[PDB]
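**Q** Residue numbers (UniProt numbering), protein chains in the order written: chain U, 283 to 352; chain Y, 213 to 282; chain W, 49 to 378, 395 to 503. Below is the structure I would like to discuss, written out as structure tokens.
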Amino acid sequence: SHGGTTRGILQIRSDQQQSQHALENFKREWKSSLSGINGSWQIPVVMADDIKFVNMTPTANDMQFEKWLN
Amino acid sequence: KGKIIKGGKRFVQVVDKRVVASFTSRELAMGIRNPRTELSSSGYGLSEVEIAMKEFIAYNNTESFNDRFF
Amino acid sequence: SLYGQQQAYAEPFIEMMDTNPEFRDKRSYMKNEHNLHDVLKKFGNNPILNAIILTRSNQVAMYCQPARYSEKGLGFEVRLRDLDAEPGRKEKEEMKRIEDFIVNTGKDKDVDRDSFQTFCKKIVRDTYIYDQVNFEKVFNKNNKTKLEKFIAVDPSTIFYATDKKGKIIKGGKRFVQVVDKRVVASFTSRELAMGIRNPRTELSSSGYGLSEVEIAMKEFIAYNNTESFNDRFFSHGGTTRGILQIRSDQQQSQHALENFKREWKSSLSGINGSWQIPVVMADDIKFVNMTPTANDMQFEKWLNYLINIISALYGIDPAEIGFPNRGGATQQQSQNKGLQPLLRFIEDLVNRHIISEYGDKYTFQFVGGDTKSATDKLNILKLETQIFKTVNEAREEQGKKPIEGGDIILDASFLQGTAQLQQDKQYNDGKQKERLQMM
């Protein structure tokens with residue numbers, strides 16, 4: 283019912299922060315190629331200097347404080 | 213007046229949105245296994261497929277996701 | 049026309065334009081393809097499906113012998129319609145003749161013709177692949193009223209005939225055979241049967257049955273390409289273990305590499321020199337792995353799931369075809401849901417199509433392999449008789465005549481009560497002699 287459900291952040295290093303128009307076109311390409319069941323198994327390609335993915339939540343979530351409730 | 217009829221012909225057959233024939237109560241039976249009292253349904257039964265529609269599409273697209281690897 | 053004279057419509061009001069006027073085509077569920085049995089014939093060769101077919105055929109083949117010729121009760125039998133009705137020498141002979149006729153599939157023996165065992169083995173395949181079964185009858189030419197022979201015909205070539213208006217016909221010839229899209233012959237309803245195991249009411253199918261192969265088509269192709277994926281590791285490349293890199297300022301000439309290979313093969317190849325260790329004095333050496341340490345089959349649980357659902361569609365236990373049940377056990397109940405409905409379907413078809421030619425008073429049924437149910441029935445009777453039922457009432461109830469001895473209820477106590485009552489009754493009734501003596 284509230285936020286905090288993010289899996290992680292995809293960082294892309296660049297000398298300049300890309301203009302928002304470029305990021306919107308990036309999103310358009312990403313959605314057209316990968317979004318949904320359509321193109322689910324495909325792999326994108328990017329030629330940036332360095333890319334990282336930092337995890338904000340664990341691999342698999344589950345209920346917390348179960349024994350406390352019991 | 214739009215109200216459902218009791219006397220005489222009560223059930224009607226429709227094909228391609230055209231009325232073809234109609235039947236007396238004795239001439240045609242009507243069995244409802246999962247009846248409901250709310251006015252919205254007007255006596256028509258509730259099918260489990262409608263209840264499980266979301267689950268059915270989820271199963272279908274899950275199977276598609278598994279098969280799309282091959 | 050499809051079933052008879054009726055007020056409602058049970059056939060498509062508007063005909064399919066691309067179909068030939070002479071008959072109504074059989075089409076897929078979604079109308080995706082107007083030609084279905086052609087693609088089902090492709091899946092007819094699948095091993096899993098063929099394994100199920102062969103297992104069920106072997107199961108049925110045991111039952112396909114007459115009872116009275118078998119030392120044990122397993123087999124089939126013909127009897128009067130009423131179990132309580134008495135038999136007779138004439139009727140017994142007629143039933144024996146009919147049973148022999150069914151066994152030989154005709155009036156007289158002929159080695160060139162199918163025994164009923166092979167007929168059933170054909171029928172199960174046609175029932176489980178196409179969900180449609182047909183067999184031709186051969187009435188006597190000297191007398192149309194009576195029957196001589198009957199044999200099976202492939203269901204793929206048979207269609208429902210239609211009139212000039214395109215509606216399905218009832219009177220006269222109703223079924224038509226088509227080969228290479230050409231009409232060859234047509235048959236009267238009595239002359240050709242039509243068995244549908246999985247019927248449907250929607251106008252789109254127009255009475256044609258729904259085959260499980262069409263439902264499992266996606267699963268079947270998934271199984272096929274999964275098997276191909278597993279086999280392509282061997283039948284195609286990608287079996288390398290790794291690459292042995294040797295760093296050098298210059299790439300060695302191919303002659304040097306060939307001599308290197310010669311030395312390597314002479315020293316290490318084969319069992320000979322298997323345990324030896326070579327020595328190399330290069331700057332740096334690496335071995336990079338392209339495949340894991342040990343290989344094995346992939347997508348195993350996917351295959352188990354697919355075959356489990358395919359088996360569940362046909363009602364067969366996956367354990368019979370060498371797969372694990374994803375739930376339950378990981395046989396009587398599996399048999400009860402799997403085989404018995406098929407036997408009853410064949411029973412009803414054969415009865416209503418063959419025995420109709422001889423008379424209503426007879427019927428055809430299978431027997432045997434159901435001791436436990438009969439045991440429970442006898443146990444019901446054995447418990448009931450202790451308090452409730454007399455011996456003679458039960459004997460009459462099961463189409464038999466009473467035995468002299470009284471309609472006794474079997475309990476050692478109850479007999480003593482009747483005997484004691486009779487003994488004391490005779491004592492009391494004996495006092496009438498004294499009553500008359502005073503007269």
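Where is the CB? At the ideal position from N, CA and C, for every residue including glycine.
Using a Cβ-Cβ cut-off of less than 9 Å, give me the residues of the region 258-281 of chain Y that come near chain U, in sequence order.
**A** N273, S276, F277, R280 and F281
**Q** Do you know offhand how far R416/W's Cα is from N152/W's?
**A** 19 Å
**Q** May I have the straight-line CA-CA distance separating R248/W from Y178/W, to the nearest angstrom?
**A** 14 Å
**Q** Give every residue of the same chain whose Cβ lies closer than 6 Å to the Cβ of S49/W, excluding the five residues on either side of it in the sequence, and list them in chain order.
**A** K215, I216 and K218
**Q** Take the Cβ of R310/W as the centre, count every other Cβ of all protein chains shown within 10 Å, and call the residue buried at 16 or more, exposed below.
**A** exposed
**Q** Is it true that the CB of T339/W sits closer than 7 Å to the CB of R280/W?
**A** no
**Q** Quick one: grab the DSSP three-state call for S283/W.
**A** It is helical.
**Q** Go through its chain and collect everything with a Cβ distance to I244/Y's Cβ below 8 Å, but skip five positions before and after it.
**A** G255, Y256 and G257
**Q** Could you tell me which whole beta strand (DSSP E) segments of length 3 or greater appear in the region 317-341 of chain W?
**A** 333-337
**Q** With a 10 Å radius around its C-beta and 16 neighbouring C-beta atoms as the bar for buried, classify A270/Y as buried or exposed.
**A** exposed
**Q** With burial defined as no fewer than 16 other Cβ atoms inside 10 Å of the residue's Cβ, what is the status of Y208/W: buried or exposed?
**A** buried
**Q** Name the chain Y residues that come within less than 7 Å of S322/U, Cβ to Cβ?
**A** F277 and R280
**Q** Within the chosen definition, does the region 95-105 of chain W reach the region 347-365 of chain W through at least 3 CB pairs nearer than 8 Å?
**A** The region 95-105 of chain W and the region 347-365 of chain W touch, with no fewer than 3 CB-CB distances between them shorter than 8 Å.
**Q** Who are the neighbours of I319/U on chain Y, taking C-beta pairs under 8 Å?
**A** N273, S276, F277 and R280
**Q** Please return the same chain residues whose Cβ sits closer than 6 Å to the Cβ of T175/W, not counting the five positions on each side in sequence.
**A** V181 and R245
**Q** Residues of chain Y with CB under 9 Å from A360/W, in chain order?
**A** What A360/W touches in chain Y: nothing, since even the nearest Cβ is about 14 Å away.
**Q** Which chain Y residues are close to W350/W, counting only those with a beta carbon under 7 Å from its beta carbon?
**A** Here the neighbours are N278.
**Q** Determine the DSSP secondary structure at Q107/W, reduced to helix, strand or coil.
**A** helix
**Q** Exposed or buried, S204/W, counting other C-beta atoms within 10 Å across all chains shown (16 or more means buried)?
**A** With 16 or more Cβ atoms within 10 Å of its Cβ, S204/W is classed as buried.
**Q** When you compare the CB of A233/Y with every CB in chain W, is at least one pair closer than 7 Å?
**A** Closer than 7 Å: yes.
**Q** When the Cβ atoms of the region 70-77 of chain W are set against those of the region 296-311 of chain W, are three or more pairs found closer than 8 Å?
**A** no
**Q** Taking C-alpha atoms, which residue in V232/W, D365/W and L407/W lies nearest to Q397/W?
**A** Nearest option by C-alpha distance: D365/W.
**Q** Is any beta-carbon of chain W found at less than 7 Å from that of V227/Y?
**A** yes
**Q** How should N94/W be labelled, buried or exposed, when 16 other C-beta atoms within 10 angstroms of its C-beta is the threshold for buried?
**A** buried
**Q** Are the Cβ atoms of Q113/W and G123/W separated by less than 7 Å?
**A** yes
**Q** So within the region 212-242 of chain W, which uninterrupted beta strand (DSSP E) runs reach at least 3 residues, ignoring any that extend past its ends?
**A** 221-227 and 230-236
**Q** Taking its Cβ as the centre, do 16 or more other Cβ atoms sit within 10 Å of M265/Y, making it buried, or is it exposed?
**A** It is exposed - the Cβ of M265/Y has fewer than 16 other Cβ atoms within 10 Å.
**Q** Tell whether a beta-carbon distance below 7 Å holds between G136/W and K197/W.
**A** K197/W is positioned such that its CB atom lies no closer than 7 Å to that of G136/W.
**Q** At the 7 Å Cβ level, is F61/W part of the contact set with chain Y, yes or no?
**A** yes
**Q** Are the CB atoms of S276/Y and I319/U nearer to each other than 7 Å?
**A** yes
**Q** Taking the alpha-carbon of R222/W as reference, which of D440/W, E70/W and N456/W has the nearest alpha-carbon?
**A** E70/W
**Q** In this structure, what does DSSP give as the bridge partners for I269/Y?
**A** Answer is none; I269/Y lacks a bridge partner.
**Q** Tell me whether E311/U sits in a helix, a strand or coil according to DSSP, three-state version.
**A** Of the three classes helix, strand and coil, the one that applies to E311/U here is helix, per DSSP.
**Q** Three-state secondary structure (DSSP) at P405/W?
**A** helix
**Q** Could you say which of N278/W, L500/W and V327/W lies nearest to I294/W if we only look at CA atoms?
**A** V327/W
**Q** Are the beta-carbon atoms of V201/W and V108/W separated by less than 7 Å?
**A** no
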